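Novice: This structure is in structure tokens; I'll ask about it shortly.
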Amino acid sequence: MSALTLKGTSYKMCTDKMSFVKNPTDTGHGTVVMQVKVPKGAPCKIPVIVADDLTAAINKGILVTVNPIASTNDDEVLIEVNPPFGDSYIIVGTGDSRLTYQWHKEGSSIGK
């Protein structure tokens, strides 16, 4: 849903070599929390997606933390995202340089 940035209100995704400084982990609040990295070449709006596919063509999840830019070429922003109940694939980036991490989220019957 909102995981891919604000439609017509925000700039392009990083496609230089990305990674997580911290991989997504469940918060116990219905969300997964992470820290992502940029290195060179790429002024970008910070690209953290939640998908039905390991390579993020689909956009299924919600941003919980804000969507800034990289303030430097080396920037590293801290984000919570929200998947639905069931599976999701958490992606960092666009182009070949994008990384992926699998999550499953429990039913809304327990709400964590």
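Readers should treat all values here as calculations from the given coordinates under stated rules, not as data from a laboratory. Cβ atoms come from the backbone with ideal geometry, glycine included; neighbour counts cover every protein chain shown.
Novice: What nm distance separates the two modelled labels at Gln35 and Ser109, each placed 7 Å from Cα along Cα→Cβ?
Specialist: Computed distance between label sites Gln35 and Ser109 equals 3.7 nm.
Novice: Roughly how many debye, to the nearest 20, is the charge dipole of the chain about its Cα centre, given +1 on each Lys and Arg Cβ, -1 on each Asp and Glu Cβ, and no other charges?
Specialist: The calculated dipole for the chain is roughly 200 debye.
Novice: Follow-up question, since we're still on this one. Can you flag which of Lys37/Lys112; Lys17/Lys40; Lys17/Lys60; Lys12/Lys112; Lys7/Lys37 are past 20 Å Cα-Cα?
Specialist: Among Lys37/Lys112; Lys17/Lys40; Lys17/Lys60; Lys12/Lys112; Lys7/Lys37, the Cα-Cα distance tops 20 Å for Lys37/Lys112; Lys17/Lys60; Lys12/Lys112; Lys7/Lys37.
Novice: With θ set to phi - 60° and the Karplus curve 6.51 cos²θ - 1.76 cosθ + 1.60, what are the ³J(HN,Hα) couplings of the range 55-68 in order, to the nearest whole Hz, using x for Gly and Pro?
Specialist: Couplings: 9, 6, 7, 8, 9, 9, x, 10, 6, 9, 7, 5, 10, x Hz.
Novice: A further question on this structure: Among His29, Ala42, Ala56, flag the residue with its Cα farthest along the positive direction of the charge dipole of the chain, charges on Cβ as +1 for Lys/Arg and -1 for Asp/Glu.
Specialist: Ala42
Novice: Which shape class, rounded, prolate or oblate, goes with the chain when its Cα gyration tensor gives a ≥ b ≥ c as root eigenvalues, a/c under 1.5 marks rounded, and past that a/b bigger than b/c marks prolate?
Specialist: Here the chain falls in the prolate category.
Novice: Rounded, prolate or oblate: pick one for the range 37-97, where a ≥ b ≥ c are the square roots of the eigenvalues of its C-alpha gyration tensor, a/c under 1.5 means rounded, and failing that, prolate if a/b is larger than b/c, else oblate.
Specialist: It comes out oblate by the Cα gyration axes.
Novice: Could you work out the local net charge near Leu6, counting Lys and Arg as +1, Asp and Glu as -1, over the other residues with Cβ closer than 15 Å to its Cβ?
Specialist: +3
Novice: Now, a different point. Would you mind computing, in nm to one decimal, how far apart the modelled labels at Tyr11 and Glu76 are, each placed 7 Å from Cα along Cα→Cβ?
Specialist: Each label point lies 7 Å from its Cα, and together they span 2.2 nm.
Novice: So which trypsin sites (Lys or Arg not before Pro) in the range 1-103 pass both tests, a DSSP loop state and at most 15 other Cβ atoms within 10 Å of the Cβ?
Specialist: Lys7, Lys12, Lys40
Novice: With a point put 7 Å past each Cα toward its Cβ, work out how far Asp52 is from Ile69 in nm, to one decimal.
Specialist: For the pair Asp52/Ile69, the computed spacing is 3.4 nm.
Novice: Could you give the length gained by full extension between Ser2 and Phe20, i.e. 0.36 nm per residue of separation minus their alpha carbon distance, to one decimal place?
Specialist: So the chain would gain 4.5 nm between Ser2 and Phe20.
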